[PDB]
Structures are given as C-alpha cells and as structure tokens.
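Here is the structure we will look at, set down as structure tokens.
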Amino acid sequence: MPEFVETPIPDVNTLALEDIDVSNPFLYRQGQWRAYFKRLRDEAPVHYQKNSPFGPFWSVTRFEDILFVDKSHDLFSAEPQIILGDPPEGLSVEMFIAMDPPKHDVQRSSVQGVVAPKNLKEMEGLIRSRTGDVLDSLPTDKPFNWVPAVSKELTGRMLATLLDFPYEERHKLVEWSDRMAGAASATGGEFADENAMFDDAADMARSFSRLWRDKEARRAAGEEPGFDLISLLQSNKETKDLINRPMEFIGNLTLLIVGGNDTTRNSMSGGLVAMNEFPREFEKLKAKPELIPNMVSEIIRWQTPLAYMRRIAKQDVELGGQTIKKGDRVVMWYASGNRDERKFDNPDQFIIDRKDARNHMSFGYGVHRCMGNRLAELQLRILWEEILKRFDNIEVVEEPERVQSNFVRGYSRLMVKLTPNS
Ligand code: HEM
Ligand SMILES: O=C(O)CCCCCCCCCCCO
C-alpha cells in the first residue's frame, strides 16, 4: 500500500481526454476538482480511465446518468466494495452499503428502526442540548479550529449515542471510522499502515462484544432500553443473537458508526465555508430563519460530503454513447452531479432558498439511499438554529485545509472567529 504524495495537479485543458484521472485524492484540496469534472460532464460524460493507481474505472459525471446508475441495481452491483480501490487483503468487513438486494434489504430492515421518526424525535433534546453546550463553550475573543471544536466534537457524541457506546471513549469510534474509510488503497487517503487497521479491527470486536453483553445484562437487570441501535437489535427476535453471526454483527455496527462520522462533520464544517464564500446568504438567513431546513439541503448539495459511490457492471451496459463491460468498475461522481447545470441553475452558487436543493444526490438515490439522511439533516438544522440564537457573525479567517481523499470531501483545519449577539 504506497502512500500518495502530493504533486501539483495541472490544468485539465493541458490533458487529452483519455488521460483525465479523477481518482487523484488531491483534486479537492487543490481546487481543481470542479474544472476537471466540468470537462468530463461536457466532453466525456461516461468516461473510461484505463490507467490509475486503483486500476481501470469508468466515471459517470452528469446528474441524470448518475441517477440511472444508482437506481439500476439490476444492472450495477454494489458488491464487493463501494470505494474506488480495495481494502487491504484480509480485513474486508461486509457492510450492507456494499451488498445487493435481497440480502441488502434484510440487513437494512434489521437496523432502520434506529432512525425511524419517533426514535429521532427522542434524540432531539439531547442533540439540542449538546449543540448548545458546545457552542456556549467556544471562545469569542480569538480564532479557533472549528473542525475539532464543533464538527468532530458533536459528531463523536452522536456516534456514542447511536450505539450507547461509553461516552468517555467516544473518540475511539471516530478514530476507528477514519482509519477504515481513509485507507490509501481504497480512497487514496492518508492511512497506509495495515497493522493499525488489524489492531483496530481486533479492538473493535473486543469493544463491541463487551458492550453487547453489558447491554444484555443491564436490560435483564431492568434498565429501560434506550433509543440506541443495540437496544433496538436486542429487542427484535431476529437480531437478539446478532453477536453469534460475527460478520453481520461487526458489519452493521461498523457501518452505522462510519456512516455518520465524516459526512455529518464535513456538512457541519462545510456550511461555514459556503457562508464565507457567499456572505449575503448569511444575512438572508438571519432575516428569514425559516429557511434553515432548505439551507441544510443546500449545504449538503454544495458540500457533497462523499464524492462518489462505486459499482461493478453486472453485464455490458450502453450509457452516454459508450459500452461499459461486465466486470468494469463504475464510479458515480455525486460531487460532479450536484454541480451539473443541466440539473441545477447556477450550480456553484450557494443559494439557501434554492427551490430544488432537496433533489441533490449527496445521499445517493435508489436502494442504497442514505439511511441516516434525516439524522444528518436533524443535526444540521439544530446546529444552525443554535448558531442563530448566539452569533451575529461567523468568519473564516484562514484558507481551509482540506482532507486528502478521492471519497471524503472534508476539512481538517477551519479557523473561525465568532462575534456574539447581545
Ligand atoms: C450529510 C451526511 C451524510 C451523507 C452525505 C451521507 C451519504 C451517504 C451515501 C452517498 C450513501 C450511499 C448512497 C448510494 O450508494 O446510493 C449513504 C449510505 C448510508 N449512510 Fe449515509 N450519509 C450521511 C449521513 C449519515 C448518517 C448520520 C448515518 C447514520 C447514522 C448514515 C448511515 C448510512 C447508511 C447505513 C448507509 C447505507 C445505506 C444502504 O446501503 O442502504 N449516513 N450515505
Ligand atoms: O474494509 C472495508 O470493507 C471498509 C472499507 C470501505 C469503507 C467504506 C466507508 C463506508 C462509508 C459509509 C458512508 C455512509 O454515510
């Protein structure tokens, strides 16, 4: 697993169509991703790259084509993986995000109760109060890094709540999730030490087993089950014994924590970046706070926290005037589709009252459409409500540092200065 070392990305018009390689995990940081995807959308909407560090792959970059691919599980498989590359040999974990129907459906239906409306309504007060306390704690006298202070802080707490994982150890959930989703061989991310991946897998399984048993014993001793996933699984006849199917046990708990880890964090960081590029939108918001839910959809579209999901063609498929061969990897570039002017007028503008913001494809479409979508939107809505209660302005004071990945579109440093109300 070689490290990816940053080099300057040239202008896309310097290249031949055939040599456009969008697997490069520095395209987002260097701010080249937009022009690169624009050339793909306009000149090669269904595009084969025969030569990449991850092997050959197709890129699908227009909004309508991505819908078709994502919705067509009869034609494209999500197995065995949904990142572009491969996980390191021997620590593939099976997750339903990378499974086809019918097995996908059974696994998803066994956990979906944790984000049912009535269950999210139970989490709401705790989300609000944490959000409030975090924001109350922030300094207003000087800049600070919003990423660890707010985005990661609130996210780590949410992950712990989802499993009733011991609160004081929540950092481990985030760490385990980062290392899994950031493997160099998978996404071109910064994690290239396979030993730490094996260590984490071992520790996770020890820690999740211990928790499962602890929660069984607590329930038997008469603690009321909570709104978490483990309580939910222990309530249903079908999942009461999930610990004895180790692959589904680890897979489902892992998927749930990875699912809302960097996505929600980067949505939280992202809206401040968008507000800084389009500061009028923040005045519009203060004047019409009822826009928050639509703004949340706009933040998610604009940021597009996951750039893609990957599929394999189950058979030959004609698309965009090209022939995708059975067995070929195909990458649905949501980051491109959400900036497709054929769908969205003024795609690169952040417009918090954009009429069709809700139609973004940041959550995908079809049978793998993000199961946590309402939980993400809930958290974002609450963040901005609580921001509006406290702050007349939120200024980004330094160019953000962006994460190295072809999959995560994220921020590691976001220096912010707050100005309180009165
Ligand atoms: C803004 C935040 C988020 C974004 C952008 C996001 C994005 C996605 C995407 C793109 C998919 C796959 C779509 C496809 O293949 O068609 C997905 C699946 C999933 N997400 Fe999220 N997600 C977010 C938040 C969350 C949260 C908070 C959770 C859980 C607590 C979560 C849990 C899941 C799960 C379980 C799946 C698997 C769905 C399936 O395979 O049926 N996500 N998410
Ligand atoms: O080793 C493996 O199988 C795991 C490597 C792939 C990591 C997949 C990350 C899943 C992202 C889920 C985001 C859903 O909101």
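Residues are referred to by chain and number: the chain letter is A, B, ... according to the order shown in the structure tokens, the number counts from 1 in that chain, and ligands are numbered separately from 1 in the order shown.
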
Need to verify the contact set: region 309-313 of chain A, 9 Å, only C-alpha atoms, exclusion of same-chain residues closer than 4 positions in sequence. Can you return it as a list in words?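 Surrounding residues, per the criterion: residues 69, 70, 75, 76, 77, 78, 79, 80, 81, 82, 83, 84, 98, 317, 324, 325, 326, 327, 328, 329, 330, 331, 332, 333, 334, 364 and 407 of chain A.
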
Store the residues picked out above in a file with N, CA, C and O atoms, as a tab-separated table (two decimals), in the first residue's frame.
chain	number	residue	atom	x	y	z
A	69	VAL	N	-27.64	5.01	-13.01
A	69	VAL	CA	-26.72	4.00	-12.45
A	69	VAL	C	-27.07	3.62	-11.00
A	69	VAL	O	-27.13	2.40	-10.64
A	70	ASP	N	-27.27	4.61	-10.18
A	70	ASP	CA	-27.54	4.37	-8.75
A	70	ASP	C	-28.87	3.59	-8.59
A	70	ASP	O	-28.95	2.64	-7.85
A	75	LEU	N	-28.67	-3.77	-13.04
A	75	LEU	CA	-27.55	-3.65	-13.97
A	75	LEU	C	-26.15	-3.43	-13.33
A	75	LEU	O	-25.13	-3.88	-13.90
A	76	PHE	N	-26.11	-2.76	-12.16
A	76	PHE	CA	-24.87	-2.48	-11.44
A	76	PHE	C	-24.92	-2.97	-10.00
A	76	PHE	O	-25.88	-2.70	-9.25
A	77	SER	N	-23.87	-3.71	-9.62
A	77	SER	CA	-23.76	-4.28	-8.31
A	77	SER	C	-22.99	-3.30	-7.41
A	77	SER	O	-22.07	-2.60	-7.87
A	78	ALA	N	-23.35	-3.31	-6.13
A	78	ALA	CA	-22.61	-2.57	-5.08
A	78	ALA	C	-21.55	-3.44	-4.38
A	78	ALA	O	-20.79	-2.94	-3.54
A	79	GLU	N	-21.52	-4.73	-4.73
A	79	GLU	CA	-20.54	-5.70	-4.26
A	79	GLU	C	-19.26	-5.69	-5.08
A	79	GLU	O	-19.30	-5.40	-6.29
A	80	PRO	N	-18.12	-6.00	-4.47
A	80	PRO	CA	-17.95	-6.24	-3.04
A	80	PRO	C	-17.64	-4.99	-2.22
A	80	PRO	O	-17.58	-5.09	-0.99
A	81	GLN	N	-17.36	-3.86	-2.88
A	81	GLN	CA	-16.94	-2.64	-2.18
A	81	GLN	C	-17.53	-1.46	-2.90
A	81	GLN	O	-17.78	-1.54	-4.09
A	82	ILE	N	-17.66	-0.34	-2.19
A	82	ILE	CA	-18.20	0.90	-2.79
A	82	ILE	C	-17.24	2.07	-2.83
A	82	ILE	O	-17.58	3.11	-3.40
A	83	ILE	N	-16.06	1.89	-2.24
A	83	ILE	CA	-14.95	2.79	-2.54
A	83	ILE	C	-14.29	2.41	-3.88
A	83	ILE	O	-14.46	1.29	-4.38
A	84	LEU	N	-13.51	3.31	-4.43
A	84	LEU	CA	-12.96	3.08	-5.76
A	84	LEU	C	-11.96	1.93	-5.80
A	84	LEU	O	-12.05	1.05	-6.67
A	98	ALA	N	-22.44	-2.14	0.67
A	98	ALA	CA	-21.81	-2.82	-0.43
A	98	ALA	C	-22.39	-4.25	-0.62
A	98	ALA	O	-21.64	-5.22	-0.82
A	317	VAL	N	-23.37	-2.69	-20.51
A	317	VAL	CA	-24.37	-1.66	-20.46
A	317	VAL	C	-23.98	-0.51	-21.35
A	317	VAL	O	-22.89	0.07	-21.18
A	324	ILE	N	-20.04	-0.10	-21.31
A	324	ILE	CA	-19.46	-0.45	-20.04
A	324	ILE	C	-19.52	-1.95	-20.05
A	324	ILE	O	-20.59	-2.46	-20.29
A	325	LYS	N	-18.38	-2.65	-19.86
A	325	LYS	CA	-18.28	-4.11	-19.93
A	325	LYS	C	-18.54	-4.75	-18.59
A	325	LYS	O	-18.17	-4.19	-17.54
A	326	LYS	N	-19.15	-5.94	-18.63
A	326	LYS	CA	-19.39	-6.69	-17.46
A	326	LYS	C	-18.08	-6.71	-16.67
A	326	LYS	O	-17.01	-6.84	-17.24
A	327	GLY	N	-18.17	-6.54	-15.37
A	327	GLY	CA	-16.98	-6.59	-14.52
A	327	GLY	C	-16.26	-5.27	-14.33
A	327	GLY	O	-15.45	-5.17	-13.43
A	328	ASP	N	-16.55	-4.25	-15.13
A	328	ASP	CA	-15.86	-2.93	-15.04
A	328	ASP	C	-16.36	-2.16	-13.80
A	328	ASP	O	-17.57	-2.11	-13.49
A	329	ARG	N	-15.42	-1.54	-13.11
A	329	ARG	CA	-15.75	-0.57	-12.10
A	329	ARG	C	-16.35	0.69	-12.69
A	329	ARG	O	-15.84	1.25	-13.67
A	330	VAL	N	-17.38	1.20	-12.01
A	330	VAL	CA	-18.07	2.42	-12.42
A	330	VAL	C	-18.28	3.29	-11.18
A	330	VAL	O	-18.81	2.84	-10.17
A	331	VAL	N	-17.86	4.54	-11.28
A	331	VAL	CA	-17.89	5.49	-10.19
A	331	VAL	C	-18.94	6.54	-10.48
A	331	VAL	O	-18.85	7.25	-11.48
A	332	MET	N	-19.93	6.63	-9.58
A	332	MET	CA	-20.99	7.64	-9.65
A	332	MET	C	-20.52	8.91	-8.90
A	332	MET	O	-20.58	8.99	-7.65
A	333	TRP	N	-20.07	9.90	-9.65
A	333	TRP	CA	-19.49	11.09	-9.05
A	333	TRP	C	-20.54	12.11	-8.62
A	333	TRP	O	-20.82	13.08	-9.34
A	334	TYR	N	-21.15	11.86	-7.45
A	334	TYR	CA	-22.12	12.80	-6.87
A	334	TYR	C	-21.61	14.26	-6.82
A	334	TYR	O	-22.38	15.21	-7.08
A	364	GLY	N	-27.07	9.94	-2.47
A	364	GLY	CA	-27.43	8.95	-3.47
A	364	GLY	C	-28.94	8.87	-3.75
A	364	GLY	O	-29.76	9.66	-3.22
A	407	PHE	N	-12.70	10.34	-1.97
A	407	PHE	CA	-14.02	9.89	-1.49
A	407	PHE	C	-14.60	10.92	-0.49
A	407	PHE	O	-15.67	11.45	-0.68

Write out as an NGL selection string each polymer residue whose atoms come within 8 Å of residue 299 (chain A), counting only C-alpha atoms; drop sequence neighbours fewer than 6 positions from it. :A and (267 or 270-271 or 274 or 350 or 352)

May I have the residues from that selection written out with N, CA and C atoms, as a PDB file, in the first residue's frame?
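File produced: selection05.pdb:
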ATOM      1  N   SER A 267     -20.362  18.149   6.673  1.00  0.00           N
ATOM      2  CA  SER A 267     -21.504  19.008   6.446  1.00  0.00           C
ATOM      3  C   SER A 267     -21.529  20.205   7.416  1.00  0.00           C
ATOM      4  N   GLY A 270     -18.671  22.426   6.360  1.00  0.00           N
ATOM      5  CA  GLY A 270     -18.974  22.948   5.005  1.00  0.00           C
ATOM      6  C   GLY A 270     -19.881  24.164   4.879  1.00  0.00           C
ATOM      7  N   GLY A 271     -20.958  24.197   5.646  1.00  0.00           N
ATOM      8  CA  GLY A 271     -21.854  25.333   5.601  1.00  0.00           C
ATOM      9  C   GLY A 271     -21.151  26.638   5.994  1.00  0.00           C
ATOM     10  N   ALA A 274     -19.220  27.675   2.830  1.00  0.00           N
ATOM     11  CA  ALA A 274     -20.186  28.226   1.847  1.00  0.00           C
ATOM     12  C   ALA A 274     -20.634  29.632   2.259  1.00  0.00           C
ATOM     13  N   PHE A 350     -24.042  29.137  -3.825  1.00  0.00           N
ATOM     14  CA  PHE A 350     -24.684  28.645  -2.627  1.00  0.00           C
ATOM     15  C   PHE A 350     -25.901  29.559  -2.501  1.00  0.00           C
ATOM     16  N   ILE A 352     -29.424  29.606  -0.375  1.00  0.00           N
ATOM     17  CA  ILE A 352     -30.009  28.861   0.699  1.00  0.00           C
ATOM     18  C   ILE A 352     -31.513  28.597   0.502  1.00  0.00           C
TER      19      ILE A 352
END

Kindly compile the residues surrounding ligand 2 within 6 Å, counting only C-alpha atoms and all ligand atoms, and format them as number ranges by chain. A: 83, 87, 91-94, 180-181, 258-260

With N, CA and C atoms retained, write the just-selected residues as a short mmCIF file (atom, residue, chain, number, x, y, z; two decimals), in the first residue's frame.
data_model
loop_
_atom_site.label_atom_id
_atom_site.label_comp_id
_atom_site.auth_asym_id
_atom_site.auth_seq_id
_atom_site.Cartn_x
_atom_site.Cartn_y
_atom_site.Cartn_z
N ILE A 83 -16.06 1.89 -2.24
CA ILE A 83 -14.95 2.79 -2.54
C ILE A 83 -14.29 2.41 -3.88
N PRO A 87 -9.92 -2.53 -0.14
CA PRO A 87 -9.40 -2.52 1.21
C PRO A 87 -8.21 -3.46 1.22
N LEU A 91 -8.85 -7.75 5.58
CA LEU A 91 -9.71 -7.02 6.50
C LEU A 91 -10.87 -6.30 5.83
N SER A 92 -11.31 -6.88 4.71
CA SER A 92 -12.65 -6.66 4.19
C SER A 92 -13.69 -7.00 5.30
N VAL A 93 -14.53 -6.02 5.66
CA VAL A 93 -15.72 -6.20 6.52
C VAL A 93 -16.92 -6.08 5.58
N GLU A 94 -17.87 -6.99 5.67
CA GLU A 94 -19.07 -6.93 4.82
C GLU A 94 -20.04 -5.94 5.43
N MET A 180 -10.73 3.18 8.85
CA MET A 180 -11.42 2.33 7.86
C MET A 180 -11.76 3.00 6.53
N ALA A 181 -12.29 4.22 6.59
CA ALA A 181 -12.76 4.98 5.41
C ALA A 181 -11.66 5.73 4.65
N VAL A 258 -19.50 4.43 10.92
CA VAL A 258 -18.80 5.06 9.80
C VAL A 258 -19.76 5.98 9.02
N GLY A 259 -21.02 5.59 8.97
CA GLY A 259 -21.98 6.26 8.16
C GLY A 259 -22.13 7.74 8.45
N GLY A 260 -22.22 8.07 9.73
CA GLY A 260 -22.41 9.44 10.18
C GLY A 260 -21.15 10.12 10.72
#

Could you name the residues that touch region 164-167 of chain A at 10 Å or less, counting only C-alpha atoms, but leaving out those on the same chain fewer than 6 positions away, as a ChimeraX atom specification? /A:156-158,173,207-208,211-212,215,226-231

For residue 409 (chain A), the closest of A:249, A:4, A:54, A:26 counting only C-alpha atoms is A:26

When DSSP is applied to the backbone of this structure, which of region 199-312 of chain A are assigned helix (DSSP H, G or I)? Write them out as an MDAnalysis selection string. chainID A and resid 199:220 229:235 242:244 246:259 262:277 279:287 289:303
